[PDB]
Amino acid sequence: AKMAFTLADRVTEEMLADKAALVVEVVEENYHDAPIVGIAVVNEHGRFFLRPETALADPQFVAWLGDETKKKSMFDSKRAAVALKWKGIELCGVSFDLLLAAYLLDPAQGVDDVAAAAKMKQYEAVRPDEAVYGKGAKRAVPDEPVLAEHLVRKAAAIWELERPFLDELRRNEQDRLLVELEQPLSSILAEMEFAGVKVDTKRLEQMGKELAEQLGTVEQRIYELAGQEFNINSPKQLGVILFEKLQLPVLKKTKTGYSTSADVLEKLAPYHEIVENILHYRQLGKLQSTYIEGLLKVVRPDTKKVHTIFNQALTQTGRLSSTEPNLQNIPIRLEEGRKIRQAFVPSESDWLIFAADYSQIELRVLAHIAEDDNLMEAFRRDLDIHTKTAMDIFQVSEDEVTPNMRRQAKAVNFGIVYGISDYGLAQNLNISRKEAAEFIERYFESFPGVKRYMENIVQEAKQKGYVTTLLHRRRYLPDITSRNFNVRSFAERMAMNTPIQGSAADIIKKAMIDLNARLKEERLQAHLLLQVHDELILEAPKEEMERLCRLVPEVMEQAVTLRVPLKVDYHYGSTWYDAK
């Protein structure tokens, strides 16, 4: 069974062919400034294993790695590229990434290692990484004999599976999606992650001090109002203090007891003064624990930068996710938490943070896909879309639209995009079911094209077995035919929403690629730092702001051409908070 390969003590010419499956192993989940434990190369001349100290010190190998004409097939090339960047080594010529290929073929498989991807094609001559390295406390690099065969088997799998995966991608019309979108994007993400974002740690530490004080205060007030101490951070103990010791009304229940979600607490506020305090305490506690303490834990002490990792092969819709730290969920709704952004600053003196965001990209994408005359016209006039919906569903002139009417029309717009049900619309607007249903009905009368799209997309999902996005990304929906109403309904909402969220994902990804090409042509020093679903955050010399104000929005607006215009707003300042 053992697979044959050369355990090389030195790099040789035949190891540098112009086409090879390459494995540059980084076992640490967070690959930033992490160790490379081994290298495997499989090509026309055979299978090879190279120790990193050797390979990475060989100028011929390093040259081969950076030679864009020497093509490499890999799995999670971003991981290798970044780990190499920290060692001052450039990786070029990656023409096939099995992780991204598998992700595009079926995001639902959750492929996160070569073995998982290989299984899709009935290839099982490779072990799962977890089986080799273990997990958690037991996770460690095996002895060279075991490590070497594993890396060679992974490279061998990649070598064998490239053609099969490319053939299916082609059949799915996703060949360009991999080659012209995801693979180029992977390199851009590597640059962004490697660059990192500078943090004003002293500012965060000061906020932490101010929060600790406020928490202690509110914390005491809570015990005083409850005439006793308990773990406020325990939905369990809290549920007892509120619904048992204080007799507060039980408006909502959970799977294991009473609900203490902010949602319910808001309704309970009128009954007792402790509720407001619990809400406030949670607000502050989230800021302290997740953001202040959290960020401080991952900031690099030497550079004061945080280096997130953008998981490019995880979400079912094509969006990216961000981890350790997640820089796509930094507070902004509430002013107090929003101030956390004042701690994200430019990495160099006299540089500024520039942020550009698409305005209502989901609803604009919906107008395009559904080809709804009323909705397309609304955007062609660049109308306030929520006021417009209110005018239509409540039958009133612009002047007759009250704040509450807009607030509700807004909730309906978001619900439509999410495939909201008459019930979930009530839960959100805290209204009835038949009422929320009447709203939805009024919406479809005003936007018949959208109603038709929602009906047609669900039928298409049932017929084909999947739905697709603008750039041909796909998501299988087997539950669309489930005879269990709830399971089927969730699938139906996904059928309606995925093409919208997914196409919006496609668009900003292409914008990022187009943008970097533009930045290079103009030789601007400006560069991307983050992507937050419908917005791009960059940093650049103050002298480049005027050029960026015109360049960034244009590139983002022209990424794709829809039946309605794409609109991008932008702001810049001395900190992320100020880029408003």
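Position 1 is the first residue in the sequence shown; the rest follow in order. Between two forms, the rigid core is defined as the largest C-alpha subset superposing within 1.5 Å.
Root mean square Cα distance to the shown form, taken over structures and residues in 8 other deposited structures of this protein after a core fit, is higher for 223 to 231 when 223 to 231 and 400 to 408 are compared. Superposing the other copies on the rigid core and comparing 466 to 474 to 258 to 266, farther C-alpha placement in 8 other deposited structures of this protein marks 258 to 266. In this entry, the higher average B-factor at the C-alpha atoms falls on 2 to 10, of the pair 569 to 577 and 2 to 10. In this entry, 228 to 236 shows the higher mean Cα temperature factor of the pair 88 to 96 and 228 to 236. When the C-alpha B-factors of 427, 360, 174, 387 are ranked from the entry, the top spot goes to 427. Among 412, 212, 343, 500, the highest C-alpha B-factor recorded in the PDB entry belongs to 212. Among all modelled residues in this chain, the alpha-carbon of residue 110 has a temperature factor (C-alpha) in the middle third. Remark: residue 443 belongs to the middle third of its chain, ranked by C-alpha B-factor as recorded. Among the modelled residues of the chain, residue 459 sits in the middle third by CA temperature factor in this PDB entry.
Among all modelled residues in its chain, residue 314 ranks in the lowest third by Cα B-factor. When all modelled residues of the chain are sorted by CA temperature factor, residue 32 is found within the lowest third.
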